[PDB]
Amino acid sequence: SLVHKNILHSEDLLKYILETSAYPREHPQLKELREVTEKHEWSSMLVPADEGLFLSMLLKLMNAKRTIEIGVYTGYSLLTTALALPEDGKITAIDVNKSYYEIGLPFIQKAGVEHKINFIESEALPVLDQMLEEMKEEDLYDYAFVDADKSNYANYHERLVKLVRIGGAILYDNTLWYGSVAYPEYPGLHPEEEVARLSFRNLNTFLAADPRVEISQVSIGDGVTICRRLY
C-alpha cells in the first residue's frame, strides 16, 4: 500500500545514493545483517542504508556515549549505533520481539560490540516510565532513536524530553510517512496506515510548536525529525 512509495522523485536516484555512497561505506556486519533481514517477511521495516550512515554521523559529530533505541527489529540501526559509539558506549535497546533481535545478534557479536548493548524485551512505554522513576541528572541520555509503533510517538516524546540530557538529541523515524502526511485527506489506506498517518501530522505540527526542543525534519529515508533539547 504505502511501502511501495519513495519520498524521492525516482528509484533511480535512491539506488544511485545507496550504491555510490551507502554500501561502499557499510560495515561488513551491517551488510550481512541487512542481507539476512532482506529475506525476512518484515524486511520493509528495515532502516535504509543511507539513513543508517546519517545516524552514525550524527552520533559521532555530537560525541554521543549513552543512547537509547526504541524499536530494534533485526538490529540494523542498533548495530549502526554501537559501531559509532566509543568502545565504552552504552545503549538501552527496547523492543517487544526478542526473536527479531536474535536474528541480527550474531552479527552484532561478530562486530564485537554486544557489550555496549542492553536489550530489554518489553513494550517501550512502561520502560520509559520505569526509567523516569529511577534516573537522575547524570544518567540522562545523549541520544534517542524512536522507530517503533507510530501512534505511540507522542507518548514517547513526553518521556524522552526528560530522559535525554539538555543539548541531547531525539530522532523520530518515518515522519514523512511515504509522502502521505502532505495532505489532510488521503484515499484508500488500511486503518493502521491511516492511524499512523494522522499521528505523524499531529506530531510534526506539535514538534514544530514545542518550546522544549529545536527541530530539523530531514528528507532522508522516510523522514527523520531531529530534536535537540533546550531545557
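The first residue of the sequence shown is number 1, and the count goes up from there.
Asks: Read off the CA B-factors in the entry, average them over 27-35 and over 172-180, and name the higher stretch.
Replies: If you average the C-alpha B-factors of 27-35 and of 172-180, the larger mean comes out for 27-35.
Asks: Higher mean Cα B-factor in the deposited model: 71-79 or 98-106?
Replies: Comparing averages over the C-alpha atoms only gives 98-106.
Asks: Using the B-factors in the PDB entry, rank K162's C-alpha atom against the chain and give the third, lowest, middle or highest.
Replies: Middle third, going by the recorded CA B-factors of the chain.
Asks: Grab the CA temperature factor for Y153 from the record and place it in the lowest, middle or highest third of its chain.
Replies: For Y153, the deposited C-alpha B-factor lands in the middle third.
Asks: Using the B-factors in the PDB entry, rank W42's C-alpha atom against the chain and give the third, lowest, middle or highest.
Replies: According to the entry, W42 has a C-alpha B-factor in the chain's highest third.
Asks: Looking at the C-alpha B-factor of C227, is it in the lowest, middle or highest third of its chain?
Replies: For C227, whose C-alpha B-factor we compare with every modelled residue in the chain, the answer is the lowest third.
Asks: Consider only the C-alpha atoms of the modelled residues in this chain, order them by B-factor as the entry records it, and name the third containing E185: lowest, middle or highest.
Replies: CA B-factor rank for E185: highest third.
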